[PDB]
Amino acid sequence: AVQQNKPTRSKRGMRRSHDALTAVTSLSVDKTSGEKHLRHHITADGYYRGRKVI
Amino acid sequence: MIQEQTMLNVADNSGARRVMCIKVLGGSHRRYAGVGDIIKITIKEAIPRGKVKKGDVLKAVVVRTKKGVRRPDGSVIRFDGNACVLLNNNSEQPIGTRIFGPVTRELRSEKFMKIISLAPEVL
Amino acid sequence: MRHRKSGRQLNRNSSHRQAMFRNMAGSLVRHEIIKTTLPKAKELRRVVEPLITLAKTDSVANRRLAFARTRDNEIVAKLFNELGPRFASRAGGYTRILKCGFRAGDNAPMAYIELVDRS
RNA sequence: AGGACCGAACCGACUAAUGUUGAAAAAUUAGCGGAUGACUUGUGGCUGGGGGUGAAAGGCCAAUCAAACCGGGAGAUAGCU
RNA sequence: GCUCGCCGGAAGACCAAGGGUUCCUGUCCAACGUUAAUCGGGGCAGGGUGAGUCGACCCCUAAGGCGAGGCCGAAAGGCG
RNA sequence: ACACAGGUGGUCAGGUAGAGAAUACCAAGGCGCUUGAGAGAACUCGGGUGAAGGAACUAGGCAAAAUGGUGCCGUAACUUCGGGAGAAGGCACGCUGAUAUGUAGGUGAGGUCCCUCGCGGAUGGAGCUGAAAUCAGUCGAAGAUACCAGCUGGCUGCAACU
RNA sequence: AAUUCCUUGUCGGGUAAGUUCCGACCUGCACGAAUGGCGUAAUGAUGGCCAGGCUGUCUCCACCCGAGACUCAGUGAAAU
RNA sequence: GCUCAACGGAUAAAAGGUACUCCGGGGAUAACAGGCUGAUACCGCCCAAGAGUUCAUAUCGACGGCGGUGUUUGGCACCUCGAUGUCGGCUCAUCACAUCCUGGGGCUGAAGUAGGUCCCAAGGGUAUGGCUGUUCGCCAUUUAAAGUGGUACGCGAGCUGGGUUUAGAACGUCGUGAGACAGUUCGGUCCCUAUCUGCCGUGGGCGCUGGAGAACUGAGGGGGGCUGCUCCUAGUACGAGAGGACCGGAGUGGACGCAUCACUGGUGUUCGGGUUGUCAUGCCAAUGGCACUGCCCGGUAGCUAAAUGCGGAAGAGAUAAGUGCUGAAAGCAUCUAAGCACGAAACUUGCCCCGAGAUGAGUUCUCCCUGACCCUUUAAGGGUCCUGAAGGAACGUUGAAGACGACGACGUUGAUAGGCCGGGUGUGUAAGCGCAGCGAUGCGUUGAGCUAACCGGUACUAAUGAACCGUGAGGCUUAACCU
Ligand SMILES: [Mg+2]
Ligand SMILES: [Mg+2]
Ligand SMILES: [Mg+2]
Ligand SMILES: [Mg+2]
Ligand SMILES: [Mg+2]
Ligand SMILES: [Mg+2]
Ligand SMILES: [Mg+2]
Ligand SMILES: [Mg+2]
Ligand SMILES: [Mg+2]
Ligand SMILES: [Mg+2]
Ligand SMILES: [Mg+2]
Ligand SMILES: [Mg+2]
Ligand SMILES: [Mg+2]
Ligand SMILES: [Mg+2]
Ligand SMILES: [Mg+2]
Ligand SMILES: [Mg+2]
Ligand SMILES: [Mg+2]
Ligand SMILES: [Mg+2]
Ligand SMILES: [Mg+2]
Ligand SMILES: [Mg+2]
Ligand SMILES: [Mg+2]
Ligand SMILES: [Mg+2]
Ligand SMILES: [Mg+2]
Ligand SMILES: [Mg+2]
Ligand SMILES: [Mg+2]
Ligand SMILES: [Mg+2]
Ligand SMILES: [Mg+2]
Ligand SMILES: [Mg+2]
Ligand SMILES: [Mg+2]
Ligand SMILES: [Mg+2]
Ligand SMILES: [Mg+2]
Ligand SMILES: [Mg+2]
Ligand SMILES: [Mg+2]
Ligand SMILES: [Mg+2]
Ligand SMILES: [Mg+2]
Ligand SMILES: [Mg+2]
Ligand SMILES: [Mg+2]
Ligand SMILES: [Mg+2]
Ligand SMILES: [Mg+2]
Ligand SMILES: [Mg+2]
Ligand SMILES: [Mg+2]
Ligand SMILES: [Mg+2]
Ligand SMILES: [Mg+2]
Ligand SMILES: [Mg+2]
Ligand SMILES: [Mg+2]
Ligand SMILES: [Mg+2]
Ligand SMILES: [Mg+2]
Ligand SMILES: [Mg+2]
Ligand SMILES: [Mg+2]
Ligand SMILES: [Mg+2]
Ligand SMILES: [Mg+2]
Ligand SMILES: [Mg+2]
Ligand SMILES: [Mg+2]
Ligand SMILES: [Mg+2]
Ligand SMILES: [Mg+2]
Ligand SMILES: [Mg+2]
Ligand SMILES: [Mg+2]
Ligand SMILES: [Mg+2]
Ligand SMILES: [Mg+2]
Ligand SMILES: [Mg+2]
Ligand SMILES: [Mg+2]
Ligand SMILES: [Mg+2]
Ligand SMILES: [Mg+2]
Ligand SMILES: [Mg+2]
Ligand SMILES: [Mg+2]
Ligand SMILES: [Mg+2]
Ligand SMILES: [Mg+2]
Ligand SMILES: [Mg+2]
Ligand SMILES: [Mg+2]
Ligand SMILES: [Mg+2]
Ligand SMILES: [Mg+2]
Ligand SMILES: [Mg+2]
Ligand SMILES: [Mg+2]
Ligand SMILES: [Mg+2]
Ligand SMILES: [Mg+2]
Ligand SMILES: [Mg+2]
Ligand SMILES: [Mg+2]
Ligand SMILES: [Mg+2]
Ligand SMILES: [Mg+2]
Ligand SMILES: [Mg+2]
Ligand SMILES: [Mg+2]
Ligand SMILES: [Mg+2]
Ligand SMILES: [Mg+2]
Ligand SMILES: [Mg+2]
Ligand SMILES: [Mg+2]
Ligand SMILES: [Mg+2]
Ligand SMILES: [Mg+2]
Ligand SMILES: [Mg+2]
Ligand SMILES: [Mg+2]
Ligand SMILES: [Mg+2]
Ligand SMILES: [Mg+2]
Ligand SMILES: [Mg+2]
Ligand SMILES: [Mg+2]
Ligand SMILES: [Mg+2]
Ligand SMILES: [Mg+2]
Ligand SMILES: [Mg+2]
Ligand SMILES: [Mg+2]
Ligand SMILES: [Mg+2]
Ligand SMILES: [Mg+2]
Ligand SMILES: [Mg+2]
Ligand SMILES: [Mg+2]
Ligand SMILES: [Mg+2]
Ligand SMILES: [Mg+2]
Ligand SMILES: [Mg+2]
Ligand SMILES: [Mg+2]
Numbered sequence: 002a003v004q005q006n007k008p009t010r011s012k013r014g015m016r017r018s019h020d021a022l023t024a025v026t027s028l029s030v031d032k033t034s035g036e037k038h039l040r041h042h043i044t045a046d047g048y049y050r051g052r053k054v055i
Numbered sequence: 001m002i003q004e005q006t007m008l009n010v011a012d013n014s015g016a017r018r019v020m021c022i023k024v025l026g027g028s029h030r031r032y033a034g035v036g037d038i039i040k041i042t043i044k045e046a047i048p049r050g051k052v053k054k055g056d057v058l059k060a061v062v063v064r065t066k067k068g069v070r071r072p073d074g075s076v077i078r079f080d081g082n083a084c085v086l087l088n089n090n091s092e093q094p095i096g097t098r099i100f101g102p103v104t105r106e107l108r109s110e111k112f113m114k115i116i117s118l119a120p121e122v123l
Numbered sequence: 001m002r003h004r005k006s007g008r009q010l011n012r013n014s015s016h017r018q019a020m021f022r023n024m025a026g027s028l029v030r031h032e033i034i035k036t037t038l039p040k041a042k043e044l045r046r047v048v049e050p051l052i053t054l055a056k057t058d059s060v061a062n063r064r065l066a067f068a069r070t071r072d073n074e075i076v077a078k079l080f081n082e083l084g085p086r087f088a089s090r091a092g093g094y095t096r097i098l099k100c101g102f103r104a105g106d107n108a109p110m111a112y113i114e115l116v117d118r119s
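Protein chains in written order, with the deposited numbering: chain b, 2 to 55; chain K, 1 to 123; chain N, 1 to 119.
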């Protein structure tokens with residue numbers, strides 16, 4: 002099963018339109034550390050909801 | 001659940017012991033046969049001197065089934081083997097005068113009053 | 001299909017999944033905190049928390065069953081000595097899952113699973 | 001004792017399935033036959049193209065064989081595309 | 001480093017064929033590894049192969065080749 | 001042509017079971033085979049199980065399923081008298097104790113006689129190894145309990161057979 | 001008949017039913033005696049038929065265990 | 001001087017095989033297929049000599065004639081040989097009516113059942129086996145019935161390779177021979193990850209003119225429409241008798257589909273237990289690993305069928321064949337020309353589902369922000385500050401929802417998931433101890449121990465305070481009302 006006519010750049014772009022990326026809606030800030038981390042995840046130092054775990 | 005090519009024992013004393021079912025009566029695409037369902041069988045193993053011989057083709061009724069019957073309350077009554085009773089192609093009446101083993105109450109009808117009476121036990 | 005079922009294959013057979021979970025539970029008991037993928041950290045709770053409730057009642061049969069499950073005397077001894085009285089007041093909840101982020105080699109989610117009474 | 005038997009190494013490839021722009025330009029798994037003899041294998045040598053070999057299939061002769069490969073005649077010829 | 005699994009008449013250890021540094025150390029991460037890589041049989045530099053007793057060399061020949069002269073053949077050459 | 005599911009000659013041969021270089025689990029030793037994680041749709045491949053029938057499916061019992069080991073009784077037509085034949089079919093198989101505080105058997109010491117006299121022989125059983133068989137009891141649905149491990153018979157054409 | 005177009009020649013056996021199988025009839029299109037004929041103990045990864053057991057081959061599929069297929073991260077072709 | 005006779009004569013002189021085969025080419029030219037016609041094939045119609053006890057036409061139809069389908073065997077060779085893959089079988093269907101059944105009707109040499117012929121009607125259904133590679137066909141037994149044909153003699157980028165059709169070999173026949181036989185026999189590689197149309201399902205964007213959350217109207221589309229047997233009517237009607245009703249009701253079942261796991265069972269390699277070989281935990285005991293889940297025995301939830309509930313409609317409207325009422329043209333007659341009525345599983349509704357992108361973009365109940373500034377291009381204008389609502393989106397716990405998307409529930413004002421308590425179910429007297437037995441082993445503690453997906457509860461843990469998107473009263477013209 003192979004193609005019979007060469008597709009176009011328009012069709013290629015239409016197909017790739019749904020292949021885009023979605024960025025992060027917003028970031029979270031720790032109450033005491035003031036950093037920026039992902040939602041429900043820990044920071045790069047070991048802070049989560051103000052407490053220290055590392 | 002009796003179908004074609006199924007091997008059955010014989011409950012009556014007409015001279016047969018092993019029979020092979022070839023058709024199931026009742027309609028089109030009829031494949032399963034329970035108790036009280038008329039089927040057609042051929043004779044594969046028969047006694048030397050009996051009312052029938054080997055190779056005869058005739059109707060029969062099912063009195064015992066390994067699959068078993070199902071009462072309305074859910075009580076299922078099964079057996080350890082599949083046995084049938086021979087009949088006549090025209091009159092559909094039993095040939096032998098005895099019925100070996102027990103039978104089920106889901107068999108009694110105006111056509112089979114001569115089987116339950118001869119059976120020593122009815123369930 | 002998968003309806004009302006439980007358990008996760010994790011692209012492994014039973015003989016591998018049981019051994020991996022046993023090793024992970026032993027490491028978690030030994031270190032009080034480990035880092036692993038989120039599904040593994042979630043499925044390890046169902047193996048470790050019953051194992052802690054078993055140690056909550058000290059006896060010979062319980063220790064024998066724990067040894068059958070873990071194959072580590074140095075782990076079962078600690079489980080029956082320290083974790084037992086430590087979690088004797090908690091009605092479950094012997095683990096705490098904190099998301100770590102992702103990974104470089106496969107970009108899989110990562111998380112730290114530890115004991116609630118660690119620090 | 002046996003061109004004896006069952007069955008491993010070893011040799012071979014009868015059936016099925018996978019694969020067939022394959023792990024592989026003929027293989028993999030489950031089975032299979034011979035397995036002390038007309039057996040198999042290592043090393044070395046010999047038999048060559050109208051010729052060699054062939055328990056004989058038009059089979060093999062360096063993945064190519066109803067006449068091997070390289071160079072030359074040669075820019076063979078082509079009423080054919 | 002602590003656990004799990006596998007081969008174990010091998011998926012272990014020596015070799016002859018064959019390959020020709022691929023063996024060890026330091027160092028590197030441009031190209032290679034069907035991904036990354038601090039790693040590697042990948043790049044660079046350095047080091048490493050010690051025999052009267054092992055093998056090759058050497059004595060002797062089998063199949064077989066060459067072949068003084070010799071026989072034969074239009075040349076070449078063939079046989080011995 | 002590849003860091004390729006292929007091919008390549010010689011030597012060493014451990015233990016428990018076991019007839020064994022078959023097979024299972026392991027020691028010395030060597031590896032997880034250079035992309036992983038996640039959920040667990042259709043569908044493809046390698047498999048497991050299955051209510052009743054049991055080849056009715058299909059060109060065709062293709063494939064799949066099934067017996068499958070030791071000891072013993074016993075085994076037809078036919079025949080070139082060798083065979084068929086492992087014919088077909090059937091029974092025992094675990095463990096404990098006793099027979100026998102480990103038997104039959106095998107190996108075989110110290111100590112005894114002489115002796116050409118030593119790496120010697122008759123006597124002797126110490127010690128070690130060690131089946132198979134019978135009786136009684138016992139546990140499980142199943143004791144050749146796992147891997148490994150013939151399906152069988154009858155008729156017939158062809159080729160004698162390897 | 002490994003050979004027979006007419007042919008599924010006719011009868012019998014097996015099957016409830018048998019253009020396949022076996023035993024007979026001979027009307028041999030177009031068997032035939034060392035380009036050999038008849039039969040034949042044993043043997044065939046040989047051709048055909050029947051039977052016992054055996055089973056998802058099926059009646060009619062159902063569930064489960066793993067590898068792919070599905071999503072994410074990296075590398076990244078092809079026939080046309 | 002040449003039957004150079006192939007006679008304008010290629011040489012004084014010349015036969016065959018290739019399925020071991022090869023090259024250049026041709027759809028200029030072959031077979032399957034497609035195309036044109038329809039000699040043939042099938043079907044329909046016309047006169048009526050007759051058969052039919054008389055009587056042509058209840059039912060057949062000569063000697064003859066006229067037409068339709070393009071379904072067979074065929075004619076031409078127009079497309080394809082710089083490839084359109086072929087018979088049969090399996091799965092999958094769809095359309096047609098010259099209909100096999102069901103439905104309705106006319107005639108009958110139709111007393112009744114059972115029949116024969118013809119018209120309308122395609123809504124539904126339309127068999128399992130032995131033989132053969134076979135379609136076809138023979139036979140066995142059912143069925144209400146086991147339809148006719150088209151779809152490249154439907155369907156190999158869906159499957160199969162039994163035959164036909166390559167290379168091997170053999171038989172019979174022909175050929176002196178290489179070889180040949182739609183004569184036979186044994187065996188003999190069927191590749192493709194879907195680019196576009198199509199189809200089955202699931203989504204993102206935007207629009208529907210302010211935005212958001214919900215419930216619907218239903219234009220339109222899709223699914224189904226099959227029927228046997230017994231009894232009552234009634235052994236009545238009919239018939240001298242065997243025989244045996246139309247219409248109308250009741251019941252139980254076969255094939256098909258939808259839904260479900262309460263029950264009957266399968267699976268249940270995540271539960272329990274038995275047991276063989278081996279290794280390990282210093283050793284006994286007790287366990288773990290491996291040998292298909294090592295081999296097995298049962299089995300929770302879930303998924304399932306073989307299991308159990310349900311459906312095929314009743315009824316209405318307009319109708320075909322058909323039966324009629326009144327009634328003239330034609331003083332009668334006449335179903336028709338005016339008018340009226342009955343009439344089939346055919347049609348539209350009625351039963352179920354999808355469904356306003358139905359751009360003709362629909363309807364209804366609700367909720368939401370009623371702040372100011374300046375600039376040229378004076379407008380459906382551009383920009384600034386403040387504001388960020390209803391609601392949605394994102395992350396997380398997740399689901400009897402699901403390929404990814406999507407949908408549903410929850411998120412500290414909470415039972416969403418995990419864990420825990422109790423219970424339930426399943427497996428089956430756990431380990432340890434003591435007693436009896438030399439011992440294997442049994443007994444009491446003990447229906448004990450364990451218990452996945454189940455139930456009723458429990459914040460013990462994880463679902464965070466936030467942040468983001470989405471705005472700030474909504475264009476022009478006209479009709480009615482209130483100012
Ligand atoms: Mg094209
Ligand atoms: Mg895309
Ligand atoms: Mg759940
Ligand atoms: Mg994976
Ligand atoms: Mg295992
Ligand atoms: Mg031999
Ligand atoms: Mg060979
Ligand atoms: Mg072969
Ligand atoms: Mg093999
Ligand atoms: Mg073998
Ligand atoms: Mg052998
Ligand atoms: Mg050599
Ligand atoms: Mg040559
Ligand atoms: Mg030459
Ligand atoms: Mg040949
Ligand atoms: Mg070659
Ligand atoms: Mg060749
Ligand atoms: Mg030549
Ligand atoms: Mg020249
Ligand atoms: Mg040229
Ligand atoms: Mg192992
Ligand atoms: Mg081995
Ligand atoms: Mg090299
Ligand atoms: Mg180098
Ligand atoms: Mg190195
Ligand atoms: Mg280095
Ligand atoms: Mg880098
Ligand atoms: Mg790289
Ligand atoms: Mg490579
Ligand atoms: Mg290097
Ligand atoms: Mg030497
Ligand atoms: Mg010499
Ligand atoms: Mg000389
Ligand atoms: Mg010489
Ligand atoms: Mg590699
Ligand atoms: Mg290799
Ligand atoms: Mg060994
Ligand atoms: Mg799967
Ligand atoms: Mg199986
Ligand atoms: Mg089994
Ligand atoms: Mg079954
Ligand atoms: Mg069972
Ligand atoms: Mg069964
Ligand atoms: Mg059977
Ligand atoms: Mg058959
Ligand atoms: Mg059939
Ligand atoms: Mg087989
Ligand atoms: Mg064998
Ligand atoms: Mg004969
Ligand atoms: Mg024959
Ligand atoms: Mg032979
Ligand atoms: Mg002979
Ligand atoms: Mg003969
Ligand atoms: Mg014939
Ligand atoms: Mg006959
Ligand atoms: Mg014969
Ligand atoms: Mg003759
Ligand atoms: Mg002959
Ligand atoms: Mg002759
Ligand atoms: Mg002669
Ligand atoms: Mg002769
Ligand atoms: Mg001969
Ligand atoms: Mg059979
Ligand atoms: Mg993918
Ligand atoms: Mg390219
Ligand atoms: Mg002349
Ligand atoms: Mg002329
Ligand atoms: Mg050509
Ligand atoms: Mg043409
Ligand atoms: Mg044609
Ligand atoms: Mg065409
Ligand atoms: Mg007349
Ligand atoms: Mg034609
Ligand atoms: Mg062509
Ligand atoms: Mg072309
Ligand atoms: Mg072709
Ligand atoms: Mg009609
Ligand atoms: Mg219609
Ligand atoms: Mg209708
Ligand atoms: Mg048969
Ligand atoms: Mg066709
Ligand atoms: Mg086809
Ligand atoms: Mg095509
Ligand atoms: Mg063939
Ligand atoms: Mg031919
Ligand atoms: Mg002929
Ligand atoms: Mg495909
Ligand atoms: Mg949308
Ligand atoms: Mg259920
Ligand atoms: Mg339940
Ligand atoms: Mg059950
Ligand atoms: Mg089970
Ligand atoms: Mg169940
Ligand atoms: Mg064990
Ligand atoms: Mg022990
Ligand atoms: Mg191990
Ligand atoms: Mg009138
Ligand atoms: Mg009138
Ligand atoms: Mg109806
Ligand atoms: Mg209970
Ligand atoms: Mg007890
Ligand atoms: Mg136990
Ligand atoms: Mg106890
Ligand atoms: Mg008790
Ligand atoms: Mg519990």
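From the three backbone atoms N, C-alpha and C, an ideal C-beta is built for every residue, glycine too.
Roughly how many angstroms separate the alpha carbons of residue i and residue j, rounded to a whole number?
i, j, result
"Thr44 of chain b", "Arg118 of chain N", "20 Å"
"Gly92 of chain N", "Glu49 of chain N", "7 Å"
"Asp58 of chain N", "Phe80 of chain N", "7 Å"
In the DSSP output, what is residue i paired with across the bridge?
i, result
"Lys35 of chain N", "N:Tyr112"
"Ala83 of chain K", "K:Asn9 and K:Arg64"
"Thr95 of chain N", "N:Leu115"
For residue i, which residues in the same chain have their Cβ closer than 8 Å to its Cβ, ignoring the five residues on either side in sequence?
i, result
"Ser109 of chain K", "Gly36"
Below 8 Å on the Cβ atoms is my contact criterion, and I expect residue i with residue j to pass it. Report the Cβ-Cβ distance as a whole number of Å.
i, j, result
"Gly68 of chain K", "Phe79 of chain K", "7 Å"
What does a CB cutoff of less than 6 Å around residue i pick up in its chain, not counting 5 residues either side in sequence?
i, result
"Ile52 of chain N", "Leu83, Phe87 and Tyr94"
**Request:** Check whether the region 3-14 of chain N touches the region 101-109 of chain K, taking contact to mean three or more Cβ pairs, one atom from each stretch, closer than 8 Å.
**Result:** no
**Prompt:** Does the region 72-89 of chain N come close enough to the region 33-41 of chain N that 3 or more CB-CB pairs lie under 8 Å?
**Reply:** The region 33-41 of chain N is not in contact with the region 72-89 of chain N.
**Message:** Is it the case that the region 100-110 of chain N contacts the region 25-45 of chain b, given that we only count it when at least three CB pairs across the two stretches are under 8 Å?
**Reply:** yes
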